[PDB]
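Peer 1: kindly return the folded structure for what I paste below:
(one chain, ligands or ions: 9)
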Amino acid sequence: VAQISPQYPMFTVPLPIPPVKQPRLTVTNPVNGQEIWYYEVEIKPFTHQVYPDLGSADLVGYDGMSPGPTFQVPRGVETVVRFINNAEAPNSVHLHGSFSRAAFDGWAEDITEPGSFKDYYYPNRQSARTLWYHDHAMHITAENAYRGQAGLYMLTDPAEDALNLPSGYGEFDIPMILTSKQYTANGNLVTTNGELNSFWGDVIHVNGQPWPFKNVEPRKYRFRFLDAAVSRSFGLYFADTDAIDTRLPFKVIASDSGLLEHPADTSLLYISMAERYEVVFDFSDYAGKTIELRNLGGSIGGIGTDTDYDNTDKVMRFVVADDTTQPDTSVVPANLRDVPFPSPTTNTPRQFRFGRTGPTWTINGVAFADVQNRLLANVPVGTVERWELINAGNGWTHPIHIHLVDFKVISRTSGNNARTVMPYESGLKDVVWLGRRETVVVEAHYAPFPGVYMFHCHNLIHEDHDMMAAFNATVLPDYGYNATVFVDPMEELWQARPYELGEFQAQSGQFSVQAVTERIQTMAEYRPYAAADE
Ligand SMILES: *[C@@H]1O[C@H](CO)[C@@H](O[C@@H]2O[C@H](CO)[C@@H](O[C@@H]3O[C@H](CO)[C@@H](O)[C@H](O)[C@@H]3O)[C@H](O)[C@H]2NC(C)=O)[C@H](O)[C@H]1NC(C)=O
Ligand SMILES: Nc1ncnc2c1ncn2[C@@H]1O[C@H](COP(=O)(O)OP(=O)(O)OP(=O)(O)O)[C@@H](O)[C@H]1O
Ligand SMILES: *[C@@H]1O[C@H](CO)[C@@H](O[C@@H]2O[C@H](CO)[C@@H](O)[C@H](O)[C@H]2NC(C)=O)[C@H](O)[C@H]1NC(C)=O
Ligand SMILES: [Cl-]
Ligand SMILES: [Cl-]
Ligand SMILES: [Cu+2]
Ligand SMILES: [Cu+2]
Ligand SMILES: [Cu+2]
Ligand SMILES: [Cu+2]
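Peer 2: Residues are numbered from 1 along each chain as shown. Ligands and ions are numbered 1, 2, ... in the order given. There you are, the coordinates:
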């Protein structure tokens, strides 16, 4: 249908790379003598000239930019990130892909008001994967995400590095953070506020830039795809501009939770909100060509309901040079890793139904705000469980996120007989897309930390009104590991604290080296992540 946003100059601005986010300092952990990387992130308003010939867009972002700066963390280095609210509305930060303790996982009610800051303690012990950090605050997630509180967080393993995949952030390892927005005549953002069905957007962005180009060498690139959009699901394919309907093959090498067991040979990638897929594309056969990254129309080929616009079939262009600077020495092994799949269970699955109760998006007819009713499951830590995620509806689709766990997609049924399980769903994931009339069974090990945790739809419109609920990953009082201070997300010890702008800019009081050191050494003594130690 006709584009509503003004006419944009297609493929004329080059793809931005979020900078890598540098720690302020490191703090000796008294427990193990190791260095904890400490960072400061300032959430603040800024403007961006999106449309060269028009007004500015008002955004609010991690360190005054969208996407946020990219985190790059080796497995086994604990990080502490002080997320500092200097904006107009509260925040709650969720590290999506992290088995963070309940109080460091971005619980929607665990907010930071402006003039406050919260310290998040992350383990960084999981399998190498593309994580992303984003706002999760009660009822205001859609707008906080859309206005630009989302950035990448790369968990790296030297073992993954010995597979010799195309490498180097900004070089042959490219973040591909997709968003779908709408602009006014004056080129500001159209707000998602008061939207209750879906906010599709008619302007496609990669890393915050509408319809970019990148100049590439005719060799393999590692592409880290993330759908950071509010509501748009995609069917990605690449075509030579000479033949825009001819889909070029590529390999999926990883899903949400990290590497597949084997690359999945693919020509069409389904990706919905909050899904991460890592692709290797070989430009070597296309020396001298423009490859266009495109999106499947017909609401992702009849899997979705998304409205398509004049230009939502276009993502960005790759202008392929005649030659490499030096040889491409990277490969893609047939065997990437042994995926730590959960031990299969025969226990009867739980059922969660994603639908409507009048004007409200619900799970089992419950809204997240209905505190009484929203804790839908108690799972003993260690348990493997199958959840059957049900979309009975033809008029909505629901990418379901479970916090804490990595899961195996066991099965997909479709009431429009459209598809089953996809080859790139062969590994471990933390989001799975319920297309039209789709039921999906996932299997997860609810481990290793006890806590109250969220699960929900990642269509941020639906999440906010109000398709979210909670599970309790439970232990008996004799469990120890200080479980009593890490099970309740709203525990006083880990709550936001106020600060003054002058303290923050001068690196004094609470931001002295000394205070930051004392505060993080105190946190470390509680040993939040000990039970994972292997
Ligand atoms: C999520 O599940 C956890 C279990 O992992 C629940 O925490 C448990 O809460 C009960 C009471 O809330 C605690 O037992 C109590 O101990 C004191 C004596 O020291 C006494 O006042 C009570 O009679 C009772 O025996 C239990 O220790 C605690 N477990 C842990 C490990 O903290 C938690 O309540 C659940 N959250 C929700 C929202 O359901
Ligand atoms: N996006 C939406 N927002 C609100 N209501 C919707 C939406 N899409 C569909 N509905 C309504 O919700 C109900 C269920 O929609 P659904 O897609 O299941 O409809 P259907 O085609 O009639 O399927 P069935 O015959 O199995 O009910 C219907 O009353 C429909 O009109
Ligand atoms: C739970 O948290 C407490 C609070 O930090 C830990 O207590 C510390 O333990 C170390 C080593 O035993 C001592 O040297 C500290 O002086 C303790 N501080 C306090 C206030 O008690 C405790 O070890 C943690 N327990 C577990 C099981 O992880
Ligand atoms: Cl059930
Ligand atoms: Cl110990
Ligand atoms: Cu998320
Ligand atoms: Cu998450
Ligand atoms: Cu939904
Ligand atoms: Cu979430």
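Peer 1: in the stretch 301-450 of the chain, what residue is nearest ligand 8?
Peer 2: Proximity of the stretch 301-450 of the chain to ligand 8 (C-beta to the ion) peaks at residue 398, 3.5 Å away. For every residue, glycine as well, the C-beta is placed using N, CA and C.
Peer 1: can you get me a residue count around that residue?
Peer 2: 28 (other C-beta atoms under 10 Å).
Peer 1: that one touches residue 459, doesn't it?
Peer 2: Yes: between residue 398 and residue 459 there is a contact at 6.5 Å, judged by C-beta atoms under 8 Å.
Peer 1: list residues touching both of these two?
Peer 2: residue 467 (C-beta atoms under 8 Å, 6 or more residues apart in numbering).
Peer 1: quick one: the strands in the stretch 151-300 of the chain?
Peer 2: Counting by DSSP state E, counting those that start in this stretch, the stretch 151-300 of the chain has strands at residues 173-181, 203-206, 209-210, 213-216, 220-227, 234-240, 250-255, 258-266, 269-271, 276-282, 290-295.
Peer 1: can you list the strands that the second one pairs with?
Peer 2: The reference is to strand 203-206. Applying DSSP bridges to the sheet, strand 203-206 is found paired with strand 173-181 (antiparallel), strand 209-210 (antiparallel).
Peer 1: and that strand, C-alpha only, in CSV?
Peer 2: The C-alpha trace of strand 203-206 is given here as CSV (Å, rounded to 0.1, in the frame of the first residue of the first chain):
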residue,chain,number,x,y,z
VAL,A,203,10.6,2.9,6.2
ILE,A,204,13.2,0.0,6.6
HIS,A,205,16.4,0.8,8.6
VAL,A,206,19.6,-1.2,9.1
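Peer 1: report the buried residues of it.
Peer 2: By neighbour count on 16 or more other C-beta atoms under 10 Å, the buried set for strand 203-206 is 203-206.
Peer 1: could I get the contacting residues of the residue of the stretch 1-150 of the chain at minimum distance from ligand 2?
Peer 2: Here the residue of the stretch 1-150 of the chain nearest ligand 2 is residue 142; by C-beta to the nearest ligand atom that distance is 15.6 Å. If a contact means C-beta under 8 Å, 6+ apart, then residue 142 has 192, 195, 199, 230, 460-461, 463-464 as its contacts.
Peer 1: picking up where we left off before, torsion angles phi and psi at the residue of the stretch 301-450 of the chain closest to ligand 8?
Peer 2: Dihedral pair for residue 398: phi -140, psi 100, per degrees, to the nearest 10.
Peer 1: tell me what it is bridged to.
Peer 2: Applying DSSP bridges, one finds that residue 398 bridges with residue 434.
Peer 1: how near is it to residue 301?
Peer 2: Distance, residue 398 to residue 301, using C-beta to C-beta, to the nearest Å: 17 Å.
Peer 1: cool, and residue 170?
Peer 2: 33 Å.
Peer 1: how about the residues of the stretch 401-534 of the chain by ligand 3?
Peer 2: Where proximity means C-beta under 6 Å from any ligand atom, the interface of the stretch 401-534 of the chain facing ligand 3 comprises 480-482, 525-527, 530.
Peer 1: tabulate those (JSON lines), appending secondary structure, neighbour count and distance to residue 241.
Peer 2: Shown next, in JSON lines, are these (DSSP: H, G, I helix; E, B strand; the rest coil; neighbours: other C-beta atoms under 10 Å; distance: C-beta to C-beta, whole Å):
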{"residue": "480", "secondary structure": "coil", "neighbour count": "11", "distance to residue 241": "62"}
{"residue": "481", "secondary structure": "coil", "neighbour count": "18", "distance to residue 241": "57"}
{"residue": "482", "secondary structure": "coil", "neighbour count": "15", "distance to residue 241": "58"}
{"residue": "525", "secondary structure": "helix", "neighbour count": "10", "distance to residue 241": "59"}
{"residue": "526", "secondary structure": "coil", "neighbour count": "17", "distance to residue 241": "57"}
{"residue": "527", "secondary structure": "coil", "neighbour count": "16", "distance to residue 241": "56"}
{"residue": "530", "secondary structure": "helix", "neighbour count": "12", "distance to residue 241": "55"}
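Peer 1: would JSON lines of those with distance to ligand 1 be doable?
Peer 2: Rendered in JSON lines, the data for those read as follows (distance: C-beta to the nearest ligand atom, whole Å):
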{"residue": "480", "distance to ligand 1": "9"}
{"residue": "481", "distance to ligand 1": "9"}
{"residue": "482", "distance to ligand 1": "9"}
{"residue": "525", "distance to ligand 1": "18"}
{"residue": "526", "distance to ligand 1": "13"}
{"residue": "527", "distance to ligand 1": "15"}
{"residue": "530", "distance to ligand 1": "15"}
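Peer 1: just flag the most distant two among the residues you listed.
Peer 2: Spatially, the most separated pair among those is 480 and 525, at 14.6 Å (C-beta to C-beta).
Peer 1: mind listing what residue 229 touches?
Peer 2: By C-beta under 8 Å, 6+ apart, the neighbours of residue 229 are 178-180, 201, 273.
Peer 1: distance of residue 425 relative to residue 218?
Peer 2: As for residue 425, its distance to residue 218 is 31 Å (criterion: C-beta to C-beta).
Peer 1: of those two, which one has the most company?
Peer 2: Neighbour count, other C-beta under 10 Å: between residue 425 and residue 218, residue 425 has more, with 25 against 18.
Peer 1: would you list the phi and psi of the residue lying closest to that one once chain neighbours are set aside?
Peer 2: Nearest non-adjacent residue to residue 425, counting by C-beta to C-beta, 6 or more residues apart in numbering: residue 409, 4.3 Å away. Residue 409 adopts backbone torsions of phi -70, psi 110, taken as degrees, to the nearest 10.
Peer 1: how about residue 515?
Peer 2: Dihedral pair for residue 515: phi -70, psi -50, per degrees, to the nearest 10.
Peer 1: and for it, nearest residue in space, chain neighbours not counted?
Peer 2: Nearest to residue 515 is residue 509, by C-beta to C-beta, 6+ apart, at 6.4 Å.
Peer 1: on that earlier part again, what is the nearest of the residues of the stretch 401-534 of the chain next to ligand 3 to ligand 4?
Peer 2: Relative to ligand 4, the closest of those is residue 481; by C-beta to the ion it sits at 29.2 Å.
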